[PDB]
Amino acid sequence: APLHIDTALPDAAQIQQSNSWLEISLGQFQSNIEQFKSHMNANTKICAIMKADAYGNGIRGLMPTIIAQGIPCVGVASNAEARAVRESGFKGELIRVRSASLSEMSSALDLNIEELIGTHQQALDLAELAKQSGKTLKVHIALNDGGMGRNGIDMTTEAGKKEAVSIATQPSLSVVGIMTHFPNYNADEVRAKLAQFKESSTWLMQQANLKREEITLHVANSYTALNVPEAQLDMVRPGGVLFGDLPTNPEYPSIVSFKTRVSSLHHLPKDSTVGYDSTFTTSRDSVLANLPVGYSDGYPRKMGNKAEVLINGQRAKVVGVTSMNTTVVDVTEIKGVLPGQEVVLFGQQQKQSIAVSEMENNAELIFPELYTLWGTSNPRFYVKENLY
């Protein structure tokens, strides 16, 4: 992950100078947050999950919306993300949503992150860090009832139950949450695992002398929060749905568009090869649009000969394999095309839209594999509507 998130938000002139860029819909982000809220019980808390620089969309540009919406909690992964959140002015709860090395945890003390622990050694290390900083560190205990086998403590054996109690009883540590996380989008499975979570959490709080009123129980990602409402418990952890990436719930549109421009228009006769490996050959006299985007910007090699882009409101086929920095598109039968026109790689342009399913099928990736790396490799520009 990046060691620091660019403090400045790119402006319009910087956009006219960029080869490729992301346009982030602040209005769509707001609408998605408000729609999500409509399905939450009133006193269920919301922890907005902002890991991977807000799912590629950019923590610094989105935090004013999180604050304006009165969201009490934010989740992050890296120390740089935690720093960006605090530099926004956010004074709410800040949690880490993954296991983090002692190196990482120790260097983050001034950011007041609530760490996520699932092993005795993590508990011992944080207890020592607490005694060294003269603080009481706040932690969430990850349990494995959801079956992620990732950050949590599995309690299906005697040894695991004993380790869980040892995690929960360390000195100079404040257990503020107990959580799990689910691996699949199956409501019957989540209901069965939620019941086990209630049993394991109850048992752990009893064995460790914890006070129910001081613990936040939380298990729900976006899917679970919306499709299994009894799992909302004390707090929910939506990420993807806020950004408009929840496949089960298409009523939250994506907030991101990926764009480039037409650099140049090239006339090619019939029987001309295009791209590395000569994987495409023109069958007719052609006009090709040369775009200054490639796989180094996050537009994969596999898009070639499969994907379409939007130019001047029309779909145009990507031909030849994508190069590191350049993509070639067949505009022979596209009217009105000129150098400098905007090209949509993902998103909408006029009435046409490149769907998430197209991206996934063409790239052979899941959508977040694309957009998280779009966000590290291109500037983000924020759009918001207002009344005139």
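Counting begins at 1, following the sequence as shown.
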So, looking at the entry's B-factor column for Cα atoms, which has the higher mean, 272 to 280 or 290 to 298? 272 to 280
Quick check on the record: does 334 to 342 or 22 to 30 carry the larger mean Cα temperature factor? 334 to 342
Taking the Cα B-factors listed in the entry, which of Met235, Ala208, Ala100, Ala142 comes out highest? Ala208
Residue set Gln349, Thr65, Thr322, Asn41, per-entry CA B-factor max assigned to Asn41
Third of the chain's Cα B-factor distribution that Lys198 belongs to, per the entry: middle
Please rank the C-alpha B-factors of the chain's modelled residues and tell me whether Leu373 sits in the lowest, middle or highest third. lowest
Should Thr224 be placed in the lowest, middle or highest third of its chain by the C-alpha B factor in the entry? lowest
Could you look up the Cα B-factor of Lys135 in the entry and say which third of the chain it sits in: lowest, middle or highest? highest
Third of the chain, ranked by Cα B-factor, where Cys73 sits: lowest
